[PDB]
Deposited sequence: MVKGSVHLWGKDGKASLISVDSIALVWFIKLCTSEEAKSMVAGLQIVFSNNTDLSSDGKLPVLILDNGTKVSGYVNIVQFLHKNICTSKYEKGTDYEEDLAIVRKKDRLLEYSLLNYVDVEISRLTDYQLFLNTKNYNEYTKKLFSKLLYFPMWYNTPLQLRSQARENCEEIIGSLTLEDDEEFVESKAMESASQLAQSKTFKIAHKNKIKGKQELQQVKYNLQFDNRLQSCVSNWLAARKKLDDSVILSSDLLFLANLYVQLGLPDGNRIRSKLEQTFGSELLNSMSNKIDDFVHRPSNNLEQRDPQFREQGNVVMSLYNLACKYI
């Protein structure tokens, strides 16, 4: 099918803030069979970095030659598998008896496991401050650097809130300035409050990460397990971001306590097999001056949303 895929990365490869963009680059790189090439030939990967080209503000967009926009990794894969022309290796096409389970596994990573990667990308304070908020300086344009990571951190807080976590000013001014003793110990109140409340949060994250990876791995062991599916590329792109963050060795410590190191190192050698592949299957472009996201081409798009 003929279209143009819009992603989040820069200069050769997808960004770590978008696990759906990483899985799509691995999807297009792994379409090596003739029926797998038949649904991927002429897709024109563009790293445009603007969600204004999306129907819902998410940026694996498939803008396809008519105005037909299919957005998100699971929607694109279900769309591209529907347009197989019809008539083993590096990517399998599921049969008709397994289309429901493989869509169930793709949707389960999308709604349960990818919820936890956006926790560790925005709501982990070690990962957000060191890595994530200073990553949009290289992706976006000169004024629009500080509103996008604040939005995605607000959206990750709404998606994760139910599983993971002026007289009072005049009081302490008449107390702690009249103390000068728990003046300095006033901040010792709240950061000693915060530290055992943050190990509180990391325990209920890591219980929710442990159950969602266990639920997916037990259902994945119903299809063929020696072959690569679309469900695996979205699952492995979630480990690749979570184990590759600044706080990513906390997770690899805990994931071998539950699943072992003969499974975490079998999943990390599949990931490193996918990152170190050539971009010969990748047919790329540069964003034109309708697709960039500049100061002038995001004021036209802002005025178009209210007209």
Parts of the chain sequence, as deposited, that carry no C-alpha coordinates in this structure: 1, 89-96, 175-185
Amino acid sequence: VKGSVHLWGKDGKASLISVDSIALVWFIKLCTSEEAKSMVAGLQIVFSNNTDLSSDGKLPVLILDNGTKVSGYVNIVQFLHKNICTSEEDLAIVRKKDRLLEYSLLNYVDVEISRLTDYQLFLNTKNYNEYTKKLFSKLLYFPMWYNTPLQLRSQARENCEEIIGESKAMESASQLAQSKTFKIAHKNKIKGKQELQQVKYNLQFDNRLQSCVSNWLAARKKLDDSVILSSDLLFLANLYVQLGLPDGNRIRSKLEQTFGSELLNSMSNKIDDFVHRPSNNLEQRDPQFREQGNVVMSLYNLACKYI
From here on, numbers count along this sequence of modelled residues.
task: Compare the other PDB entries of this protein and indicate whether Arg95 is left unmodelled in at least a third of them.
output: no
query: Among the other PDB entries compared that flank it on both sides, is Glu171 unmodelled in a third or more?
result: yes
